[PDB]
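Shown next as structure tokens: one chain only, the form deposited in one PDB entry.
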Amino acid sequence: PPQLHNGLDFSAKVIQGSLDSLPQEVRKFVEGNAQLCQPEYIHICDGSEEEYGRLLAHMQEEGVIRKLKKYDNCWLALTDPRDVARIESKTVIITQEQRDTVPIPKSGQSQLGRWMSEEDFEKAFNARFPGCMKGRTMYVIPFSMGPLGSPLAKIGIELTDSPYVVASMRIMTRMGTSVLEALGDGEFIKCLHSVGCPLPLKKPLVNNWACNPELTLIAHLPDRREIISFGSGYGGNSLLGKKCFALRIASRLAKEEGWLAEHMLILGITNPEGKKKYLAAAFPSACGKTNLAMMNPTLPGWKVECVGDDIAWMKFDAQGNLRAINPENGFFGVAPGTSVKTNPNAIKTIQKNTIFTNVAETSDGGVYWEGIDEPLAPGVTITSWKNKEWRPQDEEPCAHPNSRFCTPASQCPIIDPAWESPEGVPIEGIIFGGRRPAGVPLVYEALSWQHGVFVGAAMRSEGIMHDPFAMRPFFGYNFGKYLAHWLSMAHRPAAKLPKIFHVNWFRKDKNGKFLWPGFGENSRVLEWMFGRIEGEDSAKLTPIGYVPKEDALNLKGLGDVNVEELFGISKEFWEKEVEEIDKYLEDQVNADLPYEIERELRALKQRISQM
């Protein structure tokens, strides 16, 4: 390349790999950003164990992470308290027209996304990235979302100045030299990340955790295939594959190309006859997602295995099977509530080779958090996530409520044998679910594809917040159009449309007590779904959909289960529910609401009116 000085070629700053061996477009991406961001060094990641182990020990030496002496190769990062979670208010999508990104709400701001103009984005970008990596290494992370070379996989390149992001991306994606080799001269998502703390530091570094809260901005430009993220070192903000690529960018590509990218676990369930089916399930926060993908089933002869626990990419094959892959390579799970008693499979997964963030440390070098349900031997003390002595009597929690384990998926004891099959697994049922203290039975089945898409659209995360499809924070484009996209699946000839169900593990009795044991007992609900997919006459028709019959659930060993109240459907509850859904869809979706969803709303209102 022609120059009159030497301010274009950055080969002199490469400390691992070679710019010369990068595909052309990857090199442009790296060098273009090296010019802008002004890193001291460029490290092209190879993904090797040597690379990983050395960068962990470097982070260790610098106080960025601590080694957890109780376990095999586990680490602990404690963050600046300002930078502890994915931050929705700083998360935006850039498109030429606002309406393409979010519907225009009748009043107030959209609850369904956050648009930024191209103009406002360029100003924000120019106020942040020039010189932002001064004095730091720029790491180049070539990564595959999905099994390497799968027809359903997509490749990205993440540039970052954070070793924490490199280590975590090694776990959460497939990364390294082999990905560059598979990429060749193909397309890839451009992902640019900086903690936004150029050296020399302008402000106090807190807890050895670089971040810039005031300038935090996580941007998506689907038309340019770019993700650009500044100022947070944390999770969904900095590990660009998980939410930014896997859901926001991918859902727009899926709309463009005819497939689905969804916030769903994927599981394999085997009945006592050895017959196996895969299901996908979308749950919004606090609704029981964790407990399901790694269920230890109580019913004898049943098996449950985990393909993934957070994101699903699903595309109809030539025979019309809805094929799904987990595009992730590891679990990025919320730590508190992970009970040694209640979730043995998650506990087994995280015993080695795990990076923990903002959990408590025990004096024997172990981990601790609210809801772990493991008493500590007398004498053993606890240091909180804020690096303070902590006692069970104290006011504040020992782990931050959003603290995390970041763990290799291949370590889950019930990881599914097909969790990396390149063609994906055939999905026969899709489950929606939420935390609903009242009115909503344990399980029901949608009357049709269109009814099912309406059921997804009506989901709540808890009591009162709407979280349609569990995708509220993650829509890559206009939600109305996303409903139209789901509905359009019914018109693909030969499509084998999954049965859709809605579950509620969290119905409470008169006194705020759960009416359903849940956890491994949910295997009894799964058996019902399995039989329904096989065409069994085990359902009774109600205004809201099909429910299990009189005596259809296996309740052996649960003693006295209040079936009538668990499956109770109140005309007064459902009348209010339908009015609530109508108002929500009118306000948030309005002119973008598909006809068929309006039709399902009218149908439900009419069925309830005849009660």
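For clarity, a rigid core is taken as the largest C-alpha set superposing within 1.5 Å between two forms. Residue positions are given as counts along the sequence shown, with the first one as 1.
J.: If you average the Cα B factors in the entry, which is higher, 25 to 33 or 552 to 560?
T.: Comparing 552 to 560 with 25 to 33, the higher mean C-alpha B-factor belongs to 552 to 560.
J.: For the stretches 506 to 514 and 191 to 199, which has the higher mean C-alpha B-factor as given in the deposited record?
T.: 506 to 514 has the higher mean C-alpha B-factor.
J.: Go through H485, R391, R128, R524 one by one and give the residue whose Cα B-factor in the PDB entry is largest.
T.: If I rank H485, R391, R128, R524 by C-alpha B-factor, first place goes to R391.
J.: Which of these, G308, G108, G476, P147, has its C-alpha atom at the highest B-factor, as the entry lists it?
T.: Spelled out: the listed residue with the top C-alpha B-factor is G108.
J.: Please place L55 in the lowest, middle or highest third of its chain by C-alpha B factor as given in the entry.
T.: For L55, whose C-alpha B-factor we compare with every modelled residue in the chain, the answer is the highest third.
J.: For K341, return the chain-relative third of its C-alpha B-factor as stated in the PDB record: lowest, middle or highest.
T.: Its C-alpha B-factor belongs to the highest third of this chain's values.
J.: Quick one: classify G365 as lowest, middle or highest third of the chain based on its Cα B-factor.
T.: It falls in the top third of the chain.
J.: Can you tell me whether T216 has a C-alpha B-factor in the lowest, middle or highest third compared with the other modelled residues of the same chain?
T.: It belongs to the lowest third of the chain when residues are ordered by C-alpha B-factor.
J.: Sorting the chain's CA B-factors, does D120 end up in the lowest, middle or highest third?
T.: Middle third.
Unshown form deposited in another entry; subsequent notes refer to it.
J.: Where among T342, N353, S523, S538 does the Cα move by 2 Å or more between the shown form and the other one after the core is superposed?
T.: After core superposition, the one over threshold is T342.
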